[PDB]
Every structure is written in C-alpha cells, then in structure tokens.
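Accompanying notes for the structure given below.
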Amino acid sequence: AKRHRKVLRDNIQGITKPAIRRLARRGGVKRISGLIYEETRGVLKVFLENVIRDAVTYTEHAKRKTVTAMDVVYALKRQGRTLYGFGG
Amino acid sequence: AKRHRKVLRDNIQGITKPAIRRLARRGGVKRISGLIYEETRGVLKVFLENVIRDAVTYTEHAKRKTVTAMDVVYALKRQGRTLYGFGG
Amino acid sequence: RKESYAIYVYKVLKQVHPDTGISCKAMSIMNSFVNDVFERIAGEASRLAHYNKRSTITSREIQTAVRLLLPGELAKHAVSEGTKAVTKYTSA
Amino acid sequence: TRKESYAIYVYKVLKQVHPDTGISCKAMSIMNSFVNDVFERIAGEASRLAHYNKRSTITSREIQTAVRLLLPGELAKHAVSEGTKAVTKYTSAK
Amino acid sequence: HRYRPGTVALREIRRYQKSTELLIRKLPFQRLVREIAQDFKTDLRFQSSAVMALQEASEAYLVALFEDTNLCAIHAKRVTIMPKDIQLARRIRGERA
Amino acid sequence: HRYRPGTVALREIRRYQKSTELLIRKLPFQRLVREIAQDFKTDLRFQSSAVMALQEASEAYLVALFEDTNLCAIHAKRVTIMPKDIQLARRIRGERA
Amino acid sequence: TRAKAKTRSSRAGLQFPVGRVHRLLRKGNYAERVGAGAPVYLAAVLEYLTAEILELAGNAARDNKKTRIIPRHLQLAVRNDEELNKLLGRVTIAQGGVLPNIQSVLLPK
Amino acid sequence: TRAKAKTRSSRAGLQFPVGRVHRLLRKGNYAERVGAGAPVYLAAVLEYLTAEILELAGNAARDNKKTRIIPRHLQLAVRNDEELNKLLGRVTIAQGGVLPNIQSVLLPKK
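Chains as they are written, first to last, in the authors' numbering: chain F, 15 to 102; chain B, 15 to 102; chain H, 30 to 121; chain D, 29 to 122; chain A, 39 to 135; chain E, 39 to 135; chain G, 10 to 118; chain C, 10 to 119.
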C-alpha cells in the first residue's frame, strides 16, 4: 500500500529533541528530563498560534493573502513582545 | 532628655507584622517565616516609590503641588497596573 | 456638567436585570471599564489606519480592533452584534 | 522608490562616537527600529499628557515630562539636560 | 482546649478571602506615602482619594505577590513562605530582571 | 576515555550562549508555521522574512522560558528541569493565569 | 420639514450614545476622518460588553442574596469568567477582593 | 534676501533631522498643534539615546576585536547596561543571542 496523504500533520514533532536541548543549553539548563519535549512543543504551538492568528487578522485587514514580516512585527508588538530588525 | 525630631522615619515599620500576615492570609498563605516581613516592607517601598515618582511627575506637568487621585490612576495605568473606581 | 456613561449603563442593566440595582462605586468601575475599552479599541483602530496609510476610520478598522483585542468567542459575538447596528443605521 | 529611514543620521552619530568603527545592515535596521519605537513611545506619552491637561498643543514641556516618565532614572536626567540645552541654542538662533 | 497549628491559619485564609476591606491601617499608610513622597520634592499635598487609590494598588500588588510566593513555596515542597520564594516570584515576573 | 556526566552539558551551555545562530532548522519550522496558519484560513502565502521573524520570536520566547524554568528547578533544589517547572514559570508570568 | 430629530442610537437600535462616541472619536486624535458606521459599531460593541458584565454581576448579586451590585459582585463576575478574566487580567478593581481559593496541599488530613 | 536656507538641525546643533521629526509629529495624529521647540527637544533626546547605545556597541565591538558593529554587539551593549536593560527589557533584538551566564549551582566541584 503506497497510499499516504499530501498534508503532513506531525510537524510539531519537526521541532526535534536536540533542537529543544540546544534551546535549553542557550537557556543555561544542565539536565533535561524526558517529559520536557512534549510540554515545550505544546507551549511553542500555543505561542505560535497566538502570534499567527494576530498576524492573519492584520493581513486580512489589508485585504491580502500574503503574510508579510511587518504584520508579524505588529502582532508581536501588540502582545508586548516587540522585535527589532524587521521594522524597515 | 525630651529631645526628638518632628519628622518620623520608621513609618515603613508602620506596616506592621499582623498587617503583612493579613495580606498573606488574603493571598492564601498558611505558614509565614520570620524573615518575610522585612522583604515585604522593602518590596512595598520599591513599588510605592515607583508609583509615587510617576504621580509626582504627572502632577508637576500640571504645575500643581497637590497629588490628585487621577495622577495616581495615570501613574498606575502607564506601568500596566490599571485601577478602576477612581477614573471619574 | 460632568460627563459620564451613567444612564446608558443603567438602562443596559435594566434590560438584563429589571429588578437589580447598582451602587456608586460599581457605577464608577463600569464607567472606567467603558472608557478603558473605548480607548483600547480606538487606539488599535488608529494604529490599523496608520499602518495601512489610511486617513479615515471606518467600521472595518473597529471590527479588526475588536477581533484583535477581544479574545476568542467574545470577539465573534461582539463582531456579530455590531455589524447588525451598522446595518440598521444604514437602512435607517 | 524613496524609502524613508534614519540611516545617515545614525551613521554620522556613530562617526561622532566612534570614527573608525563600521556598522552592518541588520544592526542599522535594529537602530532604525529602536529610534522609531522610542519616537512613538515619547510622542504617544506626550499626546496623552496633552490630552489629560486639556491642552491641544504639544510643546517642549510635554516631551520633557514624557522623557522623565519613560526613560528610567539617570538616563532621563542627562537626556533632559541634552535636549534642554539644544532648545536654548535654537532660541538663541531661531 | 487548644487548637492544632494550621486550622486557625486556614480559618483566617477562608475569612480574609471573603471580605474586601483594606488590611492596612489608614494613618501608617498615609505617613509612609508622605515620607516616600517628600524626598522627590518638599511641600506635597495629597488628596484622600489619591492615598486610597495608592492603598488599593498596594493591596492588589502585595496579595498577587503572596499568591505567587505561595506557589513558589508549594513548588519547593514547603508550606512556609520564605524570602527566596519572593525573590523568585519577582524575578520570574521581571521585576528583579 | 569517557567524560563525566555534566561537563559536556556545561560545554554546550558555554558554546550555545556565545553563538547567535538559529537552533531550529528552517524547513520544519516553515512546515509548522504553515500547518498552524492553515486552520485560520486556507490559501495563505508567506514571506521568508515573516517566517524568519516568527523564528527569532520563538527562539527568544523559548530561551527566556528555559531560563525561568532553570531558575524554578534550582529553587526546588534540583538540577534537572521538569514540566512542573515550566508550568510554574508560565503561571507566575501570567500565561496560565 | 426637519422630522422630529431622530437620534442615531435609536436608528441603530442601541442604548449607548452613537453621536457622543462620534464626538469622542473626532476629538480623540485618532484619525482626521471618521466613518459613519464606526461609532455605531463601537457603541454596539461597548453595549454588548457592558451587558455581558452586568448580567454576570447581577447573577453574582443574586447568588449572594443582594439586590444591589457592589464591586465585589463585579470582581466575582470578571474573575469567574475566563474570557473576561483574560480580557481584564491586567486590571485592578478597587474594593473587589480576590477569588476564594485554597491550594489543596494546605488542606488538612 | 532668503539667506542660504539655514536648517533647523544645524541651528539646534543636532545631527538628527528636526524638520522631519516635526513632519512626523504633525502627520502622526498626536495633536493638531505642535510647538516649535518640541521637535528640537525630541531630536536631541533621540540623538543622545542613539549616541549612548552606539558608544557602548563600539566598545563591545572593540573588546571582541571587531571594527564593524553586528547585532551581537548591540545586544551585549543593551543587556550589560542596566538602565538600557530596563529600557528595552520587553524588546527582542534579532540575531542577538543572550548574555553568557551560568548559575553557580551548576558549576562543578573543586
């Protein structure tokens, strides 16, 4: 059976275990428990869906289908997570 | 010797031990260590001097000597601690 | 003559609870809430007009401001309730 | 398309403080975003200060109070000094 | 008849979370506000509603701080709050950062 | 020649805190952003700089979260971070509140 | 033939003042032009939010055997509703108190 | 007798553009009137903040044996200065990284 779907759904597992370990090494974490990665994936999904929902709202105010970087900058700016290096 | 000064300086000790205990009882704290009260007094002093400094700046923009309640409301509003019941 | 939102919040209360009163401190809290929400939505709509190089504020900016500021399902019912009023006024 | 930025002014300020140090494009965009963000914060605070005092104009007093409110501590008092002297020179001249 | 240590604290927890009165006396708070205000400038007058608004702001801030402090103490397998719990709460909030 | 457990982790801590590259691969992050975006509406196009800005936002948010998580774990007399440390930090920040 | 000066709030079927919201938008330094339907829409949104909080506060006063809404009822109504709790999570209500909540570790045996 | 069109920034002894700050204040929907000294004062404040961060970033590039300021130098300059750290504590700098900081519990034994 060669049947499979075109749309992939396990891309939250695309944030791999050594990526989360590198993130914690940048955060200064020495030892990591085995249950950390699923919680980190859920937290990343929640944060990403919040920012992307605001960016999509900013895009469809402008009657556009393309999410620009400035919409992401405004979406991060409204929640108090202002980002430099893309505003201009 | 009946000599004493008019200005009192130990008013940070005017926030008494049972007042801090009542505050922690409202916060849902069962047991309180003995070193809690000095830390709470320092935290209250830092928060109060931040809010009062902003309120004094708001007052002297208006060329006034009296700190109104609306200046305190604006000072709390700028730091993201907006208070209801005095704005009007 | 000191401006407030007293009688409008009072008639809204009589709509939702015809036999329930309200106190002065609660009325001041409701007035501060209405002023705060109006300020937030108007500032967000002004920013939306500024980012799109638009010099006017229409119902679309206020709708996007409600969808941005009000979270979740509260937004979609509020968006529903408002579109209706603009519709009535326009027919009216 | 003439795209507005604060490029040459930040560059000449850099040449004032460090005559032999360059800068990259990403750092320049970060500096531009910083200048725009600080200008937006100070202008919004001054607009709120004018609105609370029932004043329809924005003068140097509103910007001074906005600097004293937003910029924290000693950074405020030197910034207030630097601005205040400049207004004095500009009055001497215009 | 003596009480077990902890049920009186639970009674005060259930009592003070129901009522909404100010838990700090008015006059020491007014004296503290005036002492804190007088170093920025001398000759400051205060409205009563301004000191009251400062009082409820201090109430809400300190009650929220003790909730975060209690959560830190429970996370450290303790029922007694300590200053290390307070400095953790304020750090994670960004106040000490 | 085997290494003691912990000095390699300290070497990666000292290494990854010096460099500033993105620690998440580009293509899985683009796929995750597109999957998260496609439920709000279908047919969404993405600029490369938008996904990059989302990437550095996720980097900064998650690194700050692991710093708060490490502080929670150290406060609980541990050197290993746990999901209870993560949920404790988010609450004191207000995300779970 | 100036027919009886029909108000905009009665035309929009709202109780909140449309013309006053229009005046506050024009004088609020947001944009130099304000559309016609924007104050109608904003007044309807403000009316809906006020109605939702007032209904929950009336329910909270009814469960506490009160016929008059106090700030404690408003605080209970805001904090017990999670969407209003994350709308006004950065908002202090004076004379409101806190939710009665005891952690389960502190409960006795 | 239109004498040589003397600019406001050169009159104020500033490098940041006074007239451009005036145009952005007039078109920024803040107030319908803008005073004369307000763009001068705001341009001087922006120039001072830019000069302070650029001086610390140049020092950070000098200590890292670099002649070109990268975002890492800006991040180090902002985070190592506590007044700038609490001015931009809610601000993300892209490609900036973090301060090198290891908690003393995690250090080994000796």
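From the three backbone atoms N, C-alpha and C, an ideal C-beta is built for every residue, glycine too.
DSSP three-state assignment for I124(E), whether helix, strand or coil: Position 86 of the sixth sequence, counted from the first residue, corresponds to residue 124(E). Three-state result, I124(E): helix.
CB-CB length for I70(H) against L98(H), believed under 8 Å: Residue 70(H) sits at position 41 when you count from the first residue of the third sequence. Residue 98(H) sits at position 69 when you count from the first residue of the third sequence. The Cβ separation is near 6 Å, so the contact holds.
Burial state of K44(B) (16 or more Cβ within 10 Å): Residue 44(B) sits at position 30 when you count from the first residue of the second sequence. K44(B) should be labelled buried.
Option in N73(C), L58(C), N68(C) and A103(C) with minimal Cα separation from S87(E): One-based indexing of the sixth sequence puts residue 87(E) at position 49. For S87(E), the nearest C-alpha among the options comes from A103(C).
C-beta atoms of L85(G) and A66(G) nearer than 9 Å: Locating residue 85(G) in the seventh sequence gives position 76, counting from the first residue. Locating residue 66(G) in the seventh sequence gives position 57, counting from the first residue. Yes, the Cβ-Cβ distance between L85(G) and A66(G) is below 9 Å.
Which of helix, strand or coil DSSP assigns to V108(H): Here the question's residue 108(H) lines up with position 79 in the third sequence. In this structure, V108(H) counts as helix in the three-state DSSP scheme.
Interface positions of the stretch 75–88 of chain F facing chain H (Cβ-Cβ less than 8 Å), listed along the chain: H75, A76, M84 and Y88
Residue range of the unbroken beta strand (DSSP E) whose run includes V117(E): By 1-based counting over the sixth sequence, the position of residue 117(E) is 79. Run containing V117(E): none; DSSP gives neither H nor E here.
C-beta atoms of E105(E) and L60(E) nearer than 9 Å: Along the sixth sequence, read from residue 1 onward, the residue named residue 105(E) stands at position 67. Along the sixth sequence, read from residue 1 onward, the residue named residue 60(E) stands at position 22. Not closer than 9 Å, so no.
Segment contact flag, the stretch 77–92 of chain E with the stretch 65–83 of chain F, C-beta cutoff 8 Å, min 3 pairs: yes
C-alpha distance - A33(B) paired with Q76(A), whole-angstrom precision: Here the question's residue 33(B) lines up with position 19 in the second sequence. Here the question's residue 76(A) lines up with position 38 in the fifth sequence. Roughly 24 Å between the two C-alpha positions.
CB contact check: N110(C) to chain F, cutoff 9 Å: The count along the eighth sequence starts at 1 and reaches residue 110(C) at position 101. Output row for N110(C): interface = yes.
At least three beta-carbon pairs within less than 8 Å, the stretch 50–57 of chain G to the stretch 22–39 of chain G: yes
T96(F) - containing beta strand (DSSP E), residue span: Within the first sequence, numbered from 1, the residue matching residue 96(F) stands at position 82. First-last of the beta strand (DSSP E) with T96(F): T96 to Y98.
Test item: CB-CB of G37(C) and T85(D) under 9 Å: Within the eighth sequence, residue 37(C) is the residue found at index 28, counting from 1. Within the fourth sequence, residue 85(D) is the residue found at index 57, counting from 1. No, they are not a contact pair.
Residue interval of the beta strand (DSSP E) (run including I102(C)): The sequence position of residue 102(C) within the eighth sequence is 93, counting from 1. Its beta strand (DSSP E) spans residues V100 to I102.
Beta-carbon proximity list for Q92(H), same chain, < 8 Å, skipping 5 on both sides: Indexing the third sequence from 1 puts residue 92(H) at position 63. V108, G111 and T112.
Spatially closest choice to residue 12(E) from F67(E), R42(E) and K79(E), by CA coordinates: Because chain E in this structure spans residues 39 to 135, residue 12(E) falls outside the shown range and cannot be described.
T85(H) - DSSP class collapsed to helix/strand/coil: To locate residue 85(H), count along the third sequence from 1; it is residue 56. It is a strand residue.
Any C-beta of chain F under 9 Å from that of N81(H): Residue mapping note: residue 81(H) aligns to position 52 of the third sequence, counting from 1. So, interface residue.
Close-in-space but distant-in-sequence residues of the same chain around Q125(A) (CB under 8 Å, 5 per side omitted): Position 87 of the fifth sequence, counted from the start, is the residue given in the question as residue 125(A). For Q125(A), where only same-chain residues beyond five positions count, the Cβ hits under 8 Å are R134.
Residue of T54(F), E52(F) and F100(F) minimising C-alpha distance to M90(E): Taking the sixth sequence and counting its residues from 1, one reaches residue 90(E) at position 52. Nearest option by C-alpha distance: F100(F).
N60(H): first and last residue of the uninterrupted alpha helix (DSSP H) it sits in: Mapped onto the third sequence, residue 60(H) falls at position 31. Counting along the chain, the alpha helix (DSSP H) containing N60(H) begins and ends at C53 to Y80.
Contacts around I29(B), its chain only, beta-carbon distance under 7 Å, and the 5 residues preceding and following it disregarded: Residue mapping note: residue 29(B) aligns to position 15 of the second sequence, counting from 1. Excluding sequence neighbours, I29(B) sits near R55 and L58.
Residue span of the alpha helix (DSSP H) that contains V65(B), given as start and end: Taking the second sequence and counting its residues from 1, the one referred to as residue 65(B) is at position 51. Start and end: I50 to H75.
Within the stretch 11–64 of chain G, ranges of the alpha helix (DSSP H) (whole runs, at least 4 residues): 17–20 and 27–36
Cutoff 9 Å: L100(E) Cβ touching any chain A Cβ: The residue labelled residue 100(E) in the question sits at position 62 within the sixth sequence. Taking Cβ atoms only, chain A never reaches closer than 9 Å to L100(E), which makes this a no.
Neighbour flag for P26(G) against chain B, beta carbons, 9 Å: In the seventh sequence, the residue the question calls residue 26(G) occupies position 17. Closer than 9 Å: no.
C-beta atoms of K74(G) and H82(G) nearer than 9 Å: Within the seventh sequence, the letter at position 65 stands for residue 74(G). Within the seventh sequence, the letter at position 73 stands for residue 82(G). No. Outside cutoff.
Rounded distance between the beta-carbons of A40(C) and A78(D), thought under 8 Å: As a position in the fourth sequence, residue 78(D) is number 50, starting the count at 1. As a position in the eighth sequence, residue 40(C) is number 31, starting the count at 1. Yes, they are in contact, since the Cβ atoms of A78(D) and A40(C) sit about 5 Å apart, within 8 Å.
Within 8 Å of chain G by C-beta, residues of the stretch 42–55 of chain H in sequence order: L42, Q44, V45, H46, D48, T49, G50, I51, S52, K54 and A55
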